[PDB]
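Colleague: Here it is, the structure, as structure tokens.
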Amino acid sequence: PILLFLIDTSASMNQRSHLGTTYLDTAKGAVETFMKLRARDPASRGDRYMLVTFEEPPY
Amino acid sequence: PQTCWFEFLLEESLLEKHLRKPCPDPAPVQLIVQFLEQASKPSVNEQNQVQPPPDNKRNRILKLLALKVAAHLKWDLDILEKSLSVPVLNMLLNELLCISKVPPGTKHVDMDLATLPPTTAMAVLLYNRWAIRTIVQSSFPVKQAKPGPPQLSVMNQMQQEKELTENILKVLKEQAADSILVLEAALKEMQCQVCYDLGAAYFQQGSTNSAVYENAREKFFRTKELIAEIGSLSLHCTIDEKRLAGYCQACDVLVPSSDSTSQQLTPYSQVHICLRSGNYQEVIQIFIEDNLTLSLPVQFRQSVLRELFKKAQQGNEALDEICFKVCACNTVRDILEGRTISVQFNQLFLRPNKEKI
Amino acid sequence: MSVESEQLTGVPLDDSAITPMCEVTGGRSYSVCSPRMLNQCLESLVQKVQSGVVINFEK
Amino acid sequence: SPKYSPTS
Amino acid sequence: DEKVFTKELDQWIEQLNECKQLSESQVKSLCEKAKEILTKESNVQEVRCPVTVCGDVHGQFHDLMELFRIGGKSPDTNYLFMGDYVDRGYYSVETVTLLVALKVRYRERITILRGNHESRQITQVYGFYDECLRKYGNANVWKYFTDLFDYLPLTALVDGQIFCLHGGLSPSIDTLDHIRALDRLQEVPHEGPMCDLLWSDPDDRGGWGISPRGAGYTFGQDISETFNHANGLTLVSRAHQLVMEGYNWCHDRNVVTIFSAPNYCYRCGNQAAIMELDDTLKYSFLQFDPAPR
Amino acid sequence: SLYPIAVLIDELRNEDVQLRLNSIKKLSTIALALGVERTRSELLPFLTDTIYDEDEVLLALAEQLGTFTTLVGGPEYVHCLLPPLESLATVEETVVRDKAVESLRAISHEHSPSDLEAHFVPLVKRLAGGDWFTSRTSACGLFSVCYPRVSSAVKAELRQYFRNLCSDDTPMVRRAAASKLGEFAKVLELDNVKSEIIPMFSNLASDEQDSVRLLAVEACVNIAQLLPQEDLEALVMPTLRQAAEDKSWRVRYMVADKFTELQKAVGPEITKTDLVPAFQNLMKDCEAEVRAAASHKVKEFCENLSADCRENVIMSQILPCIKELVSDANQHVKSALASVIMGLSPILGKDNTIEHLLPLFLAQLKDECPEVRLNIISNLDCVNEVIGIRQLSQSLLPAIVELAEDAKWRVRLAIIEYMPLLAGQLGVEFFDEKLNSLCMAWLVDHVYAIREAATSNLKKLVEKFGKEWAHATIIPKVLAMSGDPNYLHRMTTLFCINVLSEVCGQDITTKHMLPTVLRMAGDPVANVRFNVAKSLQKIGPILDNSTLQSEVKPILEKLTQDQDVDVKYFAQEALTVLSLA
Amino acid sequence: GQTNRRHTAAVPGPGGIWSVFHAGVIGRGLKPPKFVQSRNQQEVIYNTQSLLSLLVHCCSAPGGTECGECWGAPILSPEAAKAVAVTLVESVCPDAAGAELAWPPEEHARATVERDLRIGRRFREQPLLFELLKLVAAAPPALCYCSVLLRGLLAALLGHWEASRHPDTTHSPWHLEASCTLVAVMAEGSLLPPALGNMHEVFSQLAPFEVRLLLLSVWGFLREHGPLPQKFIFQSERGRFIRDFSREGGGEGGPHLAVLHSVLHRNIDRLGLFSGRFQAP
Amino acid sequence: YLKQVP
Ligand SMILES: [Mn+2]
Ligand SMILES: [Mn+2]
């Protein structure tokens, strides 16, 4: 299937947790663990993972 | 070289040669640890059934060899406690009681020690002394080493032995007073050791009760008398004169028997007794003498000042004047060292008069 | 650090403006507070990765 | 030996 | 006492130079003196320039001897080793014995750092334990050296401008005073400030992120920049990652990755480099290739 | 009996392996405490019937049985202890198989001959009849050990069994059979080998596996050393020829390796007949490995070749082939040939080298590769010894200056080591004209080894060229660079002064170097401070006592009074060495 | 308390026709001054006294009642000292996440250790804060309002005493004095029993682990009796608000005093005269 | 790497 990640890049994710880590970095780690689990699934050959930000097109 | 419990199990003069060696490898306490570990290894029945180890002939041989090495080491409770663990001591003294042929389940206070055989008598006595000292060391606060990242098996074994140690400690705490009675009956060098153990147990228990402080005082005075009688010939009695002297200083603070010169003449104890009595003028005189001599601790003086001002809050105004006096003394002392000046002194100094200046 | 220990066995729904559009398109929007239930949310999405048709059902 | 970096 | 002990120490140094390991009693005495001489120094052991600073070693004694030839003898030139010198080296026990002997001989002409590989679990699962059981027969030397690694320091400071360490930065820590307030008398946990200190690594990323090594985080350019402006440091020299040219500059000249164990695991064929800081704080790179055997 | 068995079993079933290893170590003690009859009756069948998963305690009990044979009772009871040894030999791990077969080597060594026959021979025939290739390998090792003490009929039976297991189809027992055949002919007789072994040797050579050809021609060089020339020329000469011109470069590489032992066995006349052409074919083969191997072996082949036609065959065949391999561009073979050609240069001598080998030598020196450069410059000392100093210096002086300052500290070190001979040959004027700057650059060079080598080199120059000339030229250079901000160059100057004070008499030491050293004694750097302390320690016995007691003593007591523990200790050591107090 | 002319005059690495030795710099290099401030401690005592006297005059209500014959000290303004405490909190640490007056646990201290490090560094830089906190101690509720600073200093001291390896306490001179002064501050501010006051006396000869465990007991005791503006009973006799001990249920230290008794009974070697101060509460 | 070493 197609996997798409629309991830906020608003300055709101420049807030940090009690872990000393920003929300943006927490999002990146969550996506990393997600695709690790999706590779644990044998359907990773059919999986495609694309990325979209909040900024203006064409970027 | 390495000689182990299989060699000692098969042949006993091997263990005799090991204890006759000037440098036994391993140490005799390590030999005891190995013997009692082999004896305490549980039985795994073929259905993977965990059970207590049956006391076979090999187990009895291990136990008697451990007891023989302990007799060779002359049952030094200091060495045993410093080198071996509490459940190991518990089962070792239980096996010693069994080989001394005391019936298990019978309370030790029931048997008359004079009627008992002498070896059985010191066996029961050493068991009770071990129980008392084990309770004392349990009460002693021990710092923990730094625990690293988790390793599950070793913490399983440590948690298991810690739970067993806790159960043994609570059993000893339940049976503490009967051990005290047995120790007293035995008191009716080993006498000095028993009397010191009784005094230390009295101090620990009487941390709530000044009557048991008085019992500890009598025990420690008798212990110092036994020390004076025995002298340097104590081949088995090792009691520290400094800790018993501190015990006796505390106990004489608690109970004054007059004759202060043979007793204490320190300004510290004079402040103590004058605070207990109410001779605050003498307290002021001792404080100005301390301003001259620079002996008493500055934090001691500060705590005295705080306690007196708490009394002033409780409602004595003569003590408020004495608070001003001792504040002046502590202030001029702290100037003599050259430290800062207290907000409390300035607060008292807000509205001075001719008398104050 | 959250002094309260999360004894929740499930993922509570969030209160956001993305939530109605998420429900309309057929998704359960998640709000997270700790890494443990973040992993729970992530494995919930991993189990949610399937192929199907979203159909409005009306009696 | 399969890896030089201790990935662990 | 001290004089004859120093002379026998120099004898041990000569034997170690001649590549022969010591006795178990000598190892025990050396470890004892090392405990008594490493307890005093703090977590940020200040080392004063001039100095020669060196990356990973990993028990490659012949390359370490060539590195000594490159950078001068231990009595003359000050040295600073930044960790990983116990694992998968063939003369690894000889290497670490030489390093601790040099430390206890010249306490202040040399200082060593504690890498991630200098811990009980890592040594057990990467074979230093196997090497010492093969050599000395028992595990007494192993437990001595791991107890010593429990006492090795944490980070090095050069003139308040250079921050020397093994792994890298951490979101747990912000300041050198926090590094000081950390307590190092503990084998490294799998999570925590000492952990990501000895397990971090750089990247061109930005922000944080989980490392592929399973321990610690991975920092970014702006993170390193923020750290250096926060504590006034000018350059962070770290040594954990293998590089081919021997050194690398990252984060527009703010992180210096140093590697000084050439031909990694005898097969990678990489070069090695070490820095030397001259007393007016002028840096120079020395590069080399492994010696013939 | 039963209770030591019970404690043995409860020790062996556990989690760790250290307790099992201690059980193996203490098994000898347990058995000697029990008695000989007790262990033979019970403990030996127990250790037969136990199957252990863990190879290290398996290996340990193998060597434990090897040491345990004397406690069992020696040659009367080795028959009793053999069945555990064979049950231990029939296993799945090569290392514990090796321990088992070497324990059987010891057993067959101490075994009485009659019992060795009557029990060991049925055991080795059962091991040969075992279906496992591991059992066949262990058996074929036992065939090698079991030869001498058995009778001639048993020798014939074991010989045909050995031939049968050589004829076995699976290749690992063929490799083991070739290895034990190389070992086997050491005890066999000439008629026996030339009747049975050499035909099956030819079968092993005609086999298809490159590995069995490797170990077969290993057996070939073994039997070539064993046998006289007159029959190996008849029998194994075409076999080693077809092995050499076989397709597999692995065996070509290794017969290039063992070619020197082959020519040593066959004698120089056989080399003059046909080994040199096949050697040319091997070194002109397209493989880098065989080229490197032959290029390595040409030196010892040449010096094992007699001098009757040595220079003739070198000029006619060897040397154009050698310059052909020089023309070959491969890096490894170039470095190897660079080492070996100047290894064999003193065999050719002055005239042959100066006609032929100097241009090739200078080309290899003026090659780009650091490996050929380091090799050629590291053992240049052979052509140094065999070739006149002036001739080689004139031949090398065009290339010395570029080689003096280049990539490798190794080649720089060798140049520094060798150049004072050139300076002594070229006199004061040429060295002063151009090499002086190079010596100073070597002194200020990066590497500490370079610096110390340059210091020893200038020691050689000052003792070759005289004290006053160095006072005129070298001393101002060091005393002028003794003020630069690098403490490393300060260390360089201190080492140079430590040498030049010893060499340079005492007057120049007292009036030139001593004030500079004592004025560097007040440097703020602790390193150069205690290095100056070590310098005074080195220099003190050369002075007179007046200068020492006048000026060295205040400096020494200051270097004791200063705060740093290292410089204070070194100053104390220097003071008690000089005995100034 | 808290160039090109010269370069080319000595440049170019004595080779002249080759490269220079070093391959660059790393910054300015060699941070020059390294200057220590050692003006005086003498009469800085007196400047502290002058400022403290001004604070006392400001915080002192006039009243005019002339309490006592002439010995009764005037009672300071709780409002004024409350203001001083609050603005001192704002001056030191603007952070207020742990400003809930109930004390979070030691695990939460491990979580928020960083603020505690900057608090401790500020305290060591500026020793005036101890005298200001002594004025706070003279105030009844200002301890409750400066609870955050007290928590931070306790956390920093806990960290240092954990990270100490020396068997003697007196190797870190500032830490011992700071711990003694801090425990004296809460003792004078009446959050603790007087035996817990004399804990500051026995600091001097206790071993570091004993001090660490006992200050952890202080943490637990203050956790159970969290300081609050309530329970400070006003008196019509005297404006000094009184917290009546042994009416809070927990009362004395209980297990805390028992652990203290065990510590001193283990360290009877040198603490007998101090056990004679502790006695029975 | 011109060294197969087989
Ligand atoms: Mn490493
Ligand atoms: Mn590392």
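Ordering of the structure tokens sets the chain letters (A, B, ...); residue numbers start at 1 within each chain; ligands are numbered from 1 in the order shown.
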Please, which residues have at least one atom within 8 Å of an atom of ligand 2, using only C-alpha atoms and all ligand atoms, listed as number ranges by chain?
Modeller: E: 56, 83-84, 115-117, 166-167, 198-199, 239-241
Colleague: Using DSSP on the backbone coordinates, identify all residues within stretch 13-231 of chain B classified as strand (DSSP E or B); present the result as a PyMOL selection string.
Modeller: chain B and resi 43-45+49-51
Colleague: Near residue A:44, within 12 Å and counting only C-alpha atoms, which residues show up once chain neighbours fewer than 2 positions away are dropped, as a list in words?
Modeller: residues 1, 2, 3, 34, 35, 36, 37, 38, 39, 40, 41, 42, 46, 47, 48 and 49 of chain A; 46 and 49 of chain C
Colleague: Those residues with N, CA and C atoms, as a PDB file, in the first residue's frame please?
Modeller:
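Saved result, selection18.pdb, follows:
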ATOM      1  N   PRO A   1       0.818  -1.219   0.000  1.00  0.00           N
ATOM      2  CA  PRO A   1       0.000   0.000   0.000  1.00  0.00           C
ATOM      3  C   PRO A   1       0.848   1.264   0.000  1.00  0.00           C
ATOM      4  N   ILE A   2       0.211   2.419  -0.185  1.00  0.00           N
ATOM      5  CA  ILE A   2       0.931   3.683  -0.111  1.00  0.00           C
ATOM      6  C   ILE A   2       0.865   4.215   1.313  1.00  0.00           C
ATOM      7  N   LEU A   3       2.022   4.565   1.868  1.00  0.00           N
ATOM      8  CA  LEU A   3       2.114   5.204   3.177  1.00  0.00           C
ATOM      9  C   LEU A   3       2.563   6.638   2.951  1.00  0.00           C
ATOM     10  N   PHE A  34       7.884   3.299  13.289  1.00  0.00           N
ATOM     11  CA  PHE A  34       6.790   2.852  12.437  1.00  0.00           C
ATOM     12  C   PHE A  34       7.297   2.067  11.238  1.00  0.00           C
ATOM     13  N   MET A  35       8.295   2.593  10.530  1.00  0.00           N
ATOM     14  CA  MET A  35       8.749   1.878   9.340  1.00  0.00           C
ATOM     15  C   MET A  35       9.597   0.672   9.715  1.00  0.00           C
ATOM     16  N   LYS A  36      10.198   0.678  10.908  1.00  0.00           N
ATOM     17  CA  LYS A  36      10.832  -0.543  11.397  1.00  0.00           C
ATOM     18  C   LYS A  36       9.799  -1.642  11.625  1.00  0.00           C
ATOM     19  N   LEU A  37       8.650  -1.285  12.204  1.00  0.00           N
ATOM     20  CA  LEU A  37       7.561  -2.248  12.353  1.00  0.00           C
ATOM     21  C   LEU A  37       6.993  -2.662  10.997  1.00  0.00           C
ATOM     22  N   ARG A  38       6.935  -1.728  10.051  1.00  0.00           N
ATOM     23  CA  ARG A  38       6.401  -2.054   8.735  1.00  0.00           C
ATOM     24  C   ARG A  38       7.358  -2.939   7.947  1.00  0.00           C
ATOM     25  N   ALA A  39       8.660  -2.847   8.227  1.00  0.00           N
ATOM     26  CA  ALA A  39       9.623  -3.781   7.659  1.00  0.00           C
ATOM     27  C   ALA A  39       9.585  -5.128   8.362  1.00  0.00           C
ATOM     28  N   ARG A  40       9.285  -5.140   9.664  1.00  0.00           N
ATOM     29  CA  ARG A  40       8.943  -6.376  10.355  1.00  0.00           C
ATOM     30  C   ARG A  40       7.762  -7.082   9.707  1.00  0.00           C
ATOM     31  N   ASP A  41       6.765  -6.337   9.278  1.00  0.00           N
ATOM     32  CA  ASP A  41       5.728  -6.868   8.397  1.00  0.00           C
ATOM     33  C   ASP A  41       6.340  -7.226   7.044  1.00  0.00           C
ATOM     34  N   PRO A  42       6.079  -8.418   6.501  1.00  0.00           N
ATOM     35  CA  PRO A  42       6.611  -8.750   5.167  1.00  0.00           C
ATOM     36  C   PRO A  42       6.043  -7.918   4.023  1.00  0.00           C
ATOM     37  N   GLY A  46       5.769  -4.148  -0.745  1.00  0.00           N
ATOM     38  CA  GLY A  46       4.693  -3.376  -1.333  1.00  0.00           C
ATOM     39  C   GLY A  46       4.491  -2.002  -0.734  1.00  0.00           C
ATOM     40  N   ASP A  47       5.026  -1.755   0.459  1.00  0.00           N
ATOM     41  CA  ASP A  47       4.894  -0.446   1.088  1.00  0.00           C
ATOM     42  C   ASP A  47       5.743   0.604   0.379  1.00  0.00           C
ATOM     43  N   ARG A  48       5.196   1.816   0.277  1.00  0.00           N
ATOM     44  CA  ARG A  48       5.919   2.989  -0.197  1.00  0.00           C
ATOM     45  C   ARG A  48       5.652   4.145   0.758  1.00  0.00           C
ATOM     46  N   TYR A  49       6.716   4.794   1.229  1.00  0.00           N
ATOM     47  CA  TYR A  49       6.625   5.804   2.278  1.00  0.00           C
ATOM     48  C   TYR A  49       7.053   7.159   1.731  1.00  0.00           C
TER      49      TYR A  49
ATOM     50  N   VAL C  46      -0.009  -0.019  13.098  1.00  0.00           N
ATOM     51  CA  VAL C  46       0.590  -1.126  12.350  1.00  0.00           C
ATOM     52  C   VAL C  46      -0.434  -2.230  12.111  1.00  0.00           C
ATOM     53  N   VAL C  49      -2.839  -1.095   9.390  1.00  0.00           N
ATOM     54  CA  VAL C  49      -2.427  -1.080   7.990  1.00  0.00           C
ATOM     55  C   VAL C  49      -3.027  -2.289   7.283  1.00  0.00           C
TER      56      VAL C  49
END
Colleague: Please, which residues in chain E fall within 12 Å of chain H when counting only C-alpha atoms, and what is the closest atom pair and distance in Å to one decimal for each, ordered by chain then residue number, as JSON lines?
Modeller:
{"residue": "E:267", "atom": "CA", "partner": "H:1", "partner_atom": "CA", "distance": 10.6}
{"residue": "E:268", "atom": "CA", "partner": "H:1", "partner_atom": "CA", "distance": 11.3}
{"residue": "E:269", "atom": "CA", "partner": "H:1", "partner_atom": "CA", "distance": 10.1}
Colleague: List as a PDB file with C-alpha atoms, in the first residue's frame the protein and nucleic acid residues near residue F:570, meaning an atom at most 9 Å away when only C-alpha atoms are counted, but skip any in the same chain fewer than 5 places from it.
Modeller:
ATOM      1  CA  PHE F 530      62.436  18.185  33.190  1.00  0.00           C
ATOM      2  CA  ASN F 531      63.872  17.391  29.790  1.00  0.00           C
ATOM      3  CA  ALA F 533      66.926  18.228  33.907  1.00  0.00           C
ATOM      4  CA  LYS F 534      67.532  14.928  32.094  1.00  0.00           C
ATOM      5  CA  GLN F 537      71.913  14.395  34.054  1.00  0.00           C
ATOM      6  CA  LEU F 559      64.610  22.377  39.599  1.00  0.00           C
ATOM      7  CA  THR F 560      64.168  20.592  42.902  1.00  0.00           C
ATOM      8  CA  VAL F 565      56.371  16.612  41.137  1.00  0.00           C
ATOM      9  CA  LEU F 575      71.347  15.436  41.664  1.00  0.00           C
TER      10      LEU F 575
END
Colleague: Within 7 Å of residue E:55, counting only C-alpha atoms, which residues show up once you throw out same-chain ones fewer than 6 positions away? Write them as a ChimeraX atom specification, please.
Modeller: /E:81-83,239,258-260,274
Colleague: Please list as a ChimeraX atom specification every residue within 10 Å of stretch 12-25 of chain E, counting only C-alpha atoms and excluding residues in the same chain fewer than 2 positions away.
Modeller: /E:6-10,27-31,61-62,65,91,93-95,97-99,101-102,105,135-136,138,140-141
Colleague: Considering only C-alpha atoms, tabulate each residue of chain B that lies at most 9 Å from chain F along with its nearest interatomic pair and the corresponding distance in Å to one decimal; arrange the rows by chain and ascending residue number and present them as CSV.
Modeller:
residue,atom,partner,partner_atom,distance
B:3,CA,F:26,CA,8.7
B:4,CA,F:26,CA,8.8
B:6,CA,F:7,CA,7.3
B:7,CA,F:30,CA,7.1
B:9,CA,F:4,CA,8.6
B:10,CA,F:4,CA,7.3
B:11,CA,F:33,CA,8.2
B:58,CA,F:3,CA,7.9
Colleague: Please identify every residue of chain G that has at least one atom no more than 12 Å from any atom of chain A, counting only C-alpha atoms, and report them as an MDAnalysis selection string.
Modeller: chainID G and resid 97 108 110:114
Colleague: Can you pull out every residue within 12 Å of residue G:246, counting only C-alpha atoms, but drop anything in the same chain fewer than 3 positions away, and send it as a ChimeraX atom specification?
Modeller: /G:192-193,225,231,243,249-254,281
Colleague: Give me, as a PyMOL selection string, the residues of chain F touching chain E, with the criterion being at most 12 Å (counting only C-alpha atoms).
Modeller: chain F and resi 18+21-22+370-371+374-375+378+407-410+413+445-453+484-492+494-495+524-532+534+564-567+569-570+572-573
Colleague: Select all residues from chain D having any atom no more than 7 Å from an atom of chain E (counting only C-alpha atoms, ignoring ligands), output as a ChimeraX atom specification.
Modeller: /D:6-8
